[PDB]
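If you want the building blocks of each chain, they are given just below.
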Amino acid sequence: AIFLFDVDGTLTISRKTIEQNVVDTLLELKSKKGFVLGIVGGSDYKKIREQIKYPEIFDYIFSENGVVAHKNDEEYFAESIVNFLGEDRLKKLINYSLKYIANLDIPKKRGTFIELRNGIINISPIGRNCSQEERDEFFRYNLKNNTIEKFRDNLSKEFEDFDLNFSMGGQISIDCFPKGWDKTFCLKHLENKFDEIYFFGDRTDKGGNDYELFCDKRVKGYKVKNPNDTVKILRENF
Ligand SMILES: [Mg+2]
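Here the numbering of residues is sequential along each chain, from 1 in written sequence order, and it may depart from the entry's numbering. Residues without coordinates do not appear. Side-chain numbers come from the whole structure's heavy atoms, not from hydrogens or water.

As annotated in the PDB entry, the chain carries the name Phosphomannomutase and comes from Plasmodium falciparum. As deposited in the PDB, this entry carries the title "Plasmodium falciparum HAD5/PMM".

Listed below in structure tokens is the structure:
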């Protein structure tokens, strides 16, 4: 049996490192007669390893929603979005996005409008690099005019043919990933004779990242509030 965890918000306070109260609890699990630990999070592995200090507690580490798997701190294997779309359809979605981001009248435009990660293509009309304030400042401009929801409605319809999903990302970006690459993807790597897999996430409701995993019959899911509540949900049942 393996245990599965969301990184940001479930094992650590989001964007910061891991408190020692929690890691002491995981050590007891892999020290309880028959348990292995694995994690799945949207972030690239460098951020994840930074967040958890020790990748060695974890037999299997799945980053970018399981489209990237790691083991004993070696990469092993992981695919890319370009291998899915192909160089042609990509230079179609790309230059439609910039041509739209271009002619869009918003007050502040910056840079890194299209970030290519392994799993997703992050599209953002203001731009990825902007002082944390400009991030929040555009978030409220979004509440007034719903600028970003209008963006997805174009891509979601124009590229309905691409088998593509465009879900609203953070405050300033729309994540663009292939259909069925939510978080249930990491199930593909776990036919390793593992009888029961338990999962722990944050936003396990529809319109959330780890929602599609919970109701995937394959595994029992638990909804936790915060990391201190998580440690409670572990100690209580295990
Ligand atoms: Mg989370």
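### Observations concerning the layout of surface pockets
Rule in force here: Space inside and on the surface of the protein is sampled on a 1 Å grid over the protein atoms alone, with a cavity defined as a set of points where a 1.4 Å probe fits but cannot get out and a pocket as an open set with protein on both sides within 12 Å along at least 5 of 7 lines; lining residues have an atom within 4 Å of a point. Grid points are joined across faces, edges and corners, and a volume is the space filled by probe spheres set on the points. Amino acid classes used here: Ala, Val, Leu, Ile, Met, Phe, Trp, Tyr, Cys and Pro are nonpolar; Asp, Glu, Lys and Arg are charged; the rest, including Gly, are polar.
The computed volume of the second largest pocket comes to approximately 160 Å³. Lining of the second largest pocket is provided by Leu187, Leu190, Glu191, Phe194, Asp195, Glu196, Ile197, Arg218 and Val219. Its residues placed into classes, the lining of the second largest pocket shows five nonpolar, no polar and four charged.

### Side note on the packing of helix α1 (residues 20-30) against helix α7 (residues 227-237)
Applicable threshold: Angles run from 0 to 180 degrees between N-to-C directions of axes, and those axes are lines fitted to C-alpha atoms, restricted for helices to the stretch in contact. Here a helix means four or more residues in a row that DSSP labels H or I, a strand means two or more in a row labelled E, and each is numbered from the N terminus. Any angle between 65 and 115 degrees counts as roughly perpendicular, while under 35 counts as roughly parallel, over 145 as roughly antiparallel, and the rest as oblique. The handedness criterion is simple: a crossing whose near helix is rotated anticlockwise from the far helix by less than a right angle is left-handed, and one whose near helix is rotated clockwise is right-handed. A contact between two residues is defined here by any heavy atoms of the two lying within 4.5 Å.
Two elements in contact, α1 and α7, have axes separated by 10 Å at closest approach and are oriented at 25°. In terms of their interaxial angle, α1 and α7 are classed as roughly parallel. Where α1 crosses over α7, the two elements pack in a sense that is left-handed. Judged by residue contacts, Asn21, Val22, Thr25, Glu28 and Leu29 of α1 engage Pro227, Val231, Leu234 and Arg235 from α7. The class makeup of the residues in the contact of α1 with α7 is five nonpolar, two polar and two charged.

### A few points about the sheet that holds strand β9 (residues 197-201)
Spelled out, the test is: Between any two strands, pairing holds if DSSP finds at least two bridges.
Taking strand neighbours across the sheet as the criterion, the six strands line up as β4-β3-β2-β1-β9-β10 in an open arrangement whose pairing is mixed. The open sheet is flanked by β4 (68-71) and β10 (220-223), the only strands paired with a single partner. Direction aside, neighbouring strands of the sheet carry axes that sit 20° apart on average. The sheet contact formed by strand β3 (residues 60-63) and β4 spans four bridges and is antiparallel. Its bridge partner lying in β4, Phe62 is registered against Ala69.

### Regarding the packing of helix α4 (residues 132-145) against helix α5 (residues 147-158)
Between two packed helices, the angle of one axis relative to the other and the distance separating the axes together describe the packing. Where α4 contacts α5, the two axes come as close as 6 Å, and the packing angle between them is 70°. Classified by the angle their axes make, α4 and α5 are roughly perpendicular. Where α4 abuts α5, its residues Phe138, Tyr141, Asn142 and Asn145 lie against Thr147, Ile148, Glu149 and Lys150. The residue inventory of the contact of α4 with α5, partitioned by class, reads three nonpolar, three polar and two charged.

### Considering the side chain of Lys183
Filter applied, for reference: Remark: exposure states derive from per-residue accessible area (1.4 Å probe, protein chains only) relative to the maximum for the residue type, with buried under 20%, exposed over 50%, and partly exposed in between.
Inspection of the secondary structure assignment puts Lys183 in the loop between β8 (174-178) and β9. Exposure remark for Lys183: the relative accessible area of 3% places this residue in the buried category. Once residues within four sequence positions are removed from consideration, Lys183 is found in contact with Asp6, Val40, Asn65, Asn209, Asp210, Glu212 and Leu213.

### A few points about the domain arrangement of the chain
Using the following cut-off: As used throughout, domain bounds are those supplied by an automatic or database domain assignment. The term buried area refers to how much accessible surface (probe radius 1.4 Å) is lost by two components on association, counted for both of them together. Between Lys or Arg on one side and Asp or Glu on the other, a salt bridge is scored when a side-chain nitrogen of the former is within 4 Å of a carboxyl oxygen of the latter. Pairs of N or O atoms are called polar contacts if they sit within 3.5 Å, as long as, within protein, a hydrogen donor faces a hydrogen acceptor (for residues adjacent in sequence, only side-chain-to-side-chain pairs).
When its domains are assigned, the chain resolves into domain 1 (1-79 + 182-238) and domain 2 (80-181). Taken together, the nine residues of domain 1 in the interface contact seven residues of domain 2. Carbon and sulfur atoms make up 49% of the area that domain 1 and domain 2 hide from each other, which totals about 720 Å². It is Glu64, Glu79 and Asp182 that lose the most area in domain 1 upon contact with domain 2, and together they represent 64% of the buried surface on that side. The interface formed by domain 1 and domain 2 contains zero salt bridges. Where domain 1 touches domain 2, the interface holds two residue pairs in polar contact. By residue class, the composition of the side of domain 1 that touches domain 2 is three nonpolar, two polar and four charged.

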